[PDB]
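Residue numbers (the authors' numbering), protein chains in the order written: chain B, 3 to 397; chain A, 3 to 396. Heads up, the beta-carbon is just placed ideally off N, CA and C, and yes, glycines get one too.
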Amino acid sequence: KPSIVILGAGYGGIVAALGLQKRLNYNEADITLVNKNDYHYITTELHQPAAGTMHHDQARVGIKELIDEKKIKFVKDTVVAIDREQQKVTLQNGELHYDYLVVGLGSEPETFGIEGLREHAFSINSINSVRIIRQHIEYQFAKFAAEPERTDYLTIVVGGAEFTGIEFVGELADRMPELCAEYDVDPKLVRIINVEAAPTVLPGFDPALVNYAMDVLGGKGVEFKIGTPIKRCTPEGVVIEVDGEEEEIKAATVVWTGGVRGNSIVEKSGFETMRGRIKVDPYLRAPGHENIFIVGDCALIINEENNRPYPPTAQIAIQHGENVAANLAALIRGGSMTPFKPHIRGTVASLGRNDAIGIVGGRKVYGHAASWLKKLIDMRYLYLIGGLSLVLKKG
Amino acid sequence: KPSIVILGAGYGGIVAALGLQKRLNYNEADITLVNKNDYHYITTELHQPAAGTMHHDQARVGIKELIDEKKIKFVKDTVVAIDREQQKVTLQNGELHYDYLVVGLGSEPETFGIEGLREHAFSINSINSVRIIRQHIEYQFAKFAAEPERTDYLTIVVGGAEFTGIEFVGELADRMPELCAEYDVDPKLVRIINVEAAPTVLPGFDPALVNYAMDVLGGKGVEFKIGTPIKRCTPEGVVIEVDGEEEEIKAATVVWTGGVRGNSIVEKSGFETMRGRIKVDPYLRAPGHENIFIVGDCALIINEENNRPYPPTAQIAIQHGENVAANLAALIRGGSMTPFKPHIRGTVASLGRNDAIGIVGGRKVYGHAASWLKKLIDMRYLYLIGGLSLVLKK
Ligand SMILES: Cc1cc2nc3c(=O)[nH]c(=O)nc-3n(C[C@H](O)[C@H](O)[C@H](O)COP(=O)(O)OP(=O)(O)OC[C@H]3O[C@@H](n4cnc5c(N)ncnc54)[C@H](O)[C@@H]3O)c2cc1C
Ligand SMILES: Cc1cc2nc3c(=O)[nH]c(=O)nc-3n(C[C@H](O)[C@H](O)[C@H](O)COP(=O)(O)OP(=O)(O)OC[C@H]3O[C@@H](n4cnc5c(N)ncnc54)[C@H](O)[C@@H]3O)c2cc1C
């Protein structure tokens, strides 16, 4: 038999595994799915638990429930490195050998060599992380009542005004009243600050949506510093440059949404990467390797319409997964492989549980309609991986 | 005038103010009650929020509801100092003058000058404090899944196996399943440690009850280090001396139930204090001062029947309150006042929602019945201070 190894159980990994599961009958191939955890988590919702608006359990599902144990063998371990030449993968407590390999380890934060960011800041990239963020913030608010001289406890800074950062501050803003009610804090003293290097909030968005969003969040007490870059980060706070002069913000909680790069494991294993990602062939496989397929954030692709790269998104990762499943199933059988054609719909961004901005159907949706739309789109994924039972289990 | 000032709205203080209000007709005297916070909190329940077993809002009640504006005037500020000679009290945002004074600012943690205890440890003495403790523990558990190498995060050390410490570890133990369930932590790796200098846990109680309690908590995964004293404290953990050698415990959370002393203001105000507390006359009044009365944890008293001192407790503080109310009313009226004789009921200690130990009525009650007994006794105070509305609201 031929042995297929899939790394990571993220969007690309899980869609690939489930697809392979559907395509192949028993004994056609040996399939192993490797993930750091026994669960796969819905990354797109991760902002919600981080704020504390939603329980983290909604964002994750157990892998054992998702798959057939006869078809796939599941491994709970951490990837340390990949060796192409030896054709083996090295894990913390194991090693594997693959006839065919699928790589979807997701992304790692991009700090752009900003001083102290990696050490002293938080990121929304996992269940553990959002848990830590949420309880961190709750802890500081708990601490405020003891010494109210220290208003830094109430200050929360988000780095980057890109998609993730804006969703997160929206959730935080919606979260704030209940939190202050819990910890006996005057709502006025709380500061939520969004700091972006770029001159505009939400680049890659129609200005109409952006200003509407700024009206909503600004109405909710959010503060925006734009054209302002983070000079450095310290346990005390952050230091930013305005009008070519240094200014210091003393904040207990600093969260970094500014940028993302591919997993370090990919670059560290001798691949060549632009921004940590690999520019793959029309069949989504690494250049010079017929036996390795790449998906999600680790993969790089460019649009025909403009010589600019497709952004790293859940949706494109899903498409990657289905395509790779099809191609692998065909390839082991000696069949013809299909090239990858990306079909891209529009994305909706939440401004809290009740509010959103989006471009869907080439239309400019706002408010409740946009929010409900986003929820429906997200439900479509749940239907995809787990079906009616999975969707019903949420709500 | 005559002007009466009460400091703090703890058990003694609030019972005192309520007592005066019940006792006196309108316009008879000027009474002002001062507290750092707009609420009075049921200290007796404070261990529960610290574990996270019970929401904190239950443990506190707003003061304004309790008293009648016209009878009493409330000031929300923090006492900074007392000047006996000038007969004045100094606050952060005010100053007050008293014909008669009542002091019940409660207690402050006693660390016995142990290195780093005040800096690096937690105490269960206020709502804010228990909130900080609870969220601290939750924070460590949240941190754990990211790095499971660090088991110190899961370790919680409690100093003292006295009444408070035992209740607290009991609550933590009952708390543990839900807590471990939330943050993806194996229940086994969790350590709860109770550390006492004394050779026995829970001194001053009949040994049978003690053995039963150790059986319960020990069954619940609680660990006891007895005859072992804490040498010093670090943010990483604590250092204790066992078998004539230093031993290092790596624990993220250290909670101190070991000792209590009177409020620092008392020592700082020119009083003469044994353990930061004052030894009062039979009328519950400060020595050398006819216009000053002391209540609660700030007060010190001795039993004739046994040459041992009365401990600082809620119930005795309440008795202080009623006594001071009656005596004060007499003093304003010019009548003869009653000396203070304390009558003591039995005390019950919880081991969680499902278990308790008590010596109420000399029956030495154990288990579930004891728990219900404690709940009823706790309800009695609520009935006293607020009436039907307060008890129903819980
Ligand atoms: C708040 C937030 C909101 C978002 N909303 C949207 C949206 O609305 N629409 C949209 O299209 N996109 C959205 N995205 C982007 C989208 O979520 C990501 O692009 C997508 O998750 C990436 O797909 P992936 O499977 O390759 O990465 P991942 O989902 O991160 O896959 C990583 C998986 O592999 C595991 N893993 C990682 N490293 C290792 C390792 N060394 N060893 C073993 N296992 C490892 C991880 O535990 C995880 O299981 C959002 C992102 C964020 C942070
Ligand atoms: C976990 C715990 C459990 C307990 N369980 C029991 C039990 O089961 N049975 C029993 O009999 N006793 C029990 N006790 C003891 C009892 O709760 C205390 O002894 C009681 O508080 C004594 O009355 P107090 O008014 O002096 O204390 P406090 O209630 O603490 O009075 C202090 C009040 O004054 C305020 N204050 C303090 N300093 C200032 C300042 N400078 N300026 C203005 N305001 C100030 C405080 O905020 C507080 O409101 C327990 C104590 C603890 C910590």
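(request) Pull up the distance between the alpha-carbon of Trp-374/B and that of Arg-365/B, whole angstroms please. (result) For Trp-374/B and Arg-365/B, the distance between alpha carbons rounds to 15 Å.
(request) Report the residues of the segment 51-71 of chain A with a CB closer than 7 Å to any CB of chain B, ordered along the chain. (result) Within the segment 51-71 of chain A, no residue has a Cβ that lies closer than 7 Å to any Cβ of chain B.
(request) Counting only runs of 3+ residues fully inside the segment 266-350 of chain B, write out the beta strand (DSSP E) ranges in chain order. (result) 294-296
(message) Within a Cβ cutoff of 8 Å, which residues of the same chain sit near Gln-321/B, ignoring the five residues on either side of it in sequence?
(response) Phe-342, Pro-344, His-345
(request) Look at the alpha carbon of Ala-319/A and the alpha carbon of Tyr-13/A, and state the distance between them as a whole number of angstroms. (result) 6 Å
(message) At the level of alpha carbons, what is the spacing between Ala-331/A and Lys-395/A?
(response) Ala-331/A and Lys-395/A have their alpha carbons spaced roughly 31 Å apart.
(request) Apply the 10 Å Cβ neighbour rule to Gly-278/B and answer buried if 16 or more other Cβ atoms are within range, or exposed otherwise. (result) By the neighbour-count criterion, in which 16 or more other beta carbons inside 10 Å mark a residue as buried, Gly-278/B falls on the buried side.
(request) Confirm, please, whether the CB-CB distance from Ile-84/A to residue 416/A is below 8 Å. (result) With chain A running from 3 to 396 in the structure shown, residue 416/A is simply not present.
(message) Taking 6 Å as the limit between beta carbons, can you name the residues of its chain near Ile-303/B, skipping five residues before and five after?
(response) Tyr-312
(message) Closer than 7 Å to a non-hydrogen atom of ligand 2 - does that hold for the CB of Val-171/A?
(response) no
(request) With hydrogens ignored, establish whether the beta-carbon of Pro-51/B is closer than 7 Å to any heavy atom of ligand 1. (result) no
(request) Check each candidate in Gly-118/A, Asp-32/A, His-42/A, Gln-89/A and name the one with the smallest Cα separation from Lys-66/A. (result) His-42/A
(request) Using the Cα positions of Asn-309/B and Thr-55/B, report the straight-line distance between them to the nearest angstrom. (result) 39 Å
(request) Could you check what DSSP says for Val-187/A in three-state terms: helix, strand or coil? (result) coil
(message) Restricting to Cα atoms, I'd like to know which of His-370/A, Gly-348/A, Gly-363/A, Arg-347/A is closest to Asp-357/A.
(response) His-370/A
(message) Could you compute how far the alpha carbon of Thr-202/A sits from the alpha carbon of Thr-315/A?
(response) 21 Å
(request) Would you list the one or two residues that DSSP bridges to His-99/B? (result) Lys-90/B, per the DSSP bridge assignment.
(message) Suppose you measure from the CA of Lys-73/B to the CA of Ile-33/B; what does that come to, to the nearest Å?
(response) 7 Å
(message) Considering only the alpha carbon of each residue, which of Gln-23/B, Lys-38/B, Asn-37/B lies closest to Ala-31/B?
(response) Of the candidates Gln-23/B, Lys-38/B, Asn-37/B, the one whose C-alpha sits nearest the C-alpha of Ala-31/B is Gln-23/B.
(message) Less than 8 Å between CB atoms is the rule here; does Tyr-141/A satisfy it with respect to chain B?
(response) yes
(request) For my contact list, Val-297/A and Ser-109/A are in at a C-beta cut-off of 8 Å; report their separation, rounded to the angstrom. (result) 12 Å between Cβ atoms; not a contact.
(request) Determine, using beta carbons only, whether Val-171/B and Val-224/B come nearer to each other than 8 Å. (result) yes
(request) Leaving aside the five residues before and after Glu-249/A along the sequence, list all residues of the same chain whose C-beta is less than 6 Å from its C-beta, in chain order. (result) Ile-242
(request) With a floor of 3 residues, list each beta strand (DSSP E) that falls wholly inside the segment 183-233 of chain A, ordered by position along the chain. (result) 193-198, 224-228
(request) Scan the segment 84-97 of chain B for residues whose Cβ lies nearer than 7 Å to a Cβ of chain A and list them as they occur along the chain. (result) Within the segment 84-97 of chain B, no residue qualifies.
(request) Could you check how far apart the C-beta atoms of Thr-230/B and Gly-161/B are, in whole angstroms? I think they sit under 8 Å. (result) With 8 Å as the limit, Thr-230/B and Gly-161/B do not qualify as a contact, their Cβ atoms being about 10 Å apart.
(message) Strictly under 8 Å for the Cβ-Cβ distance: is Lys-145/B near chain A by that measure?
(response) yes
(request) Measure the C-alpha to C-alpha separation of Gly-337/A and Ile-379/A and round it to an integer number of angstroms. (result) Annotation: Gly-337/A to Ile-379/A spans about 34 Å, alpha carbon to alpha carbon.
(message) Closer than 8 Å is the cut-off here; do at least three beta carbon pairs connect the segment 193-202 of chain A with the segment 150-164 of chain A?
(response) With a cut-off of 8 Å, the segment 150-164 of chain A and the segment 193-202 of chain A count as touching, because enough Cβ pairs lie within range.
(message) For the structure I just gave you, are there three or more beta carbon pairs, one from the segment 3-10 of chain A and one from the segment 47-61 of chain A, closer than 8 Å?
(response) no
(request) Out of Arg-177/A, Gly-360/A, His-99/A, state which residue places its alpha-carbon closest to the alpha-carbon of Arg-86/A. (result) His-99/A
(message) Just checking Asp-186/A against ligand 1 - is the residue's beta carbon closer than 7 Å to any of the ligand's heavy atoms?
(response) no
(request) Count the other CB atoms, across all protein chains shown, that sit within 10 Å of the CB of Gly-272/B; report buried if there are 16 or more and exposed otherwise. (result) exposed
(request) Check each candidate in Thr-46/B, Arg-25/B, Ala-18/B and name the one with the smallest Cα separation from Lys-377/B. (result) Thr-46/B
(request) Confirm, please, whether the CB-CB distance from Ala-175/B to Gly-354/B is below 8 Å. (result) With respect to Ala-175/B, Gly-354/B sits close: the two C-beta atoms are nearer than 8 Å.
(message) Is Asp-299/B near ligand 1 - that is, is its Cβ less than 7 Å away from at least one heavy atom of it?
(response) yes
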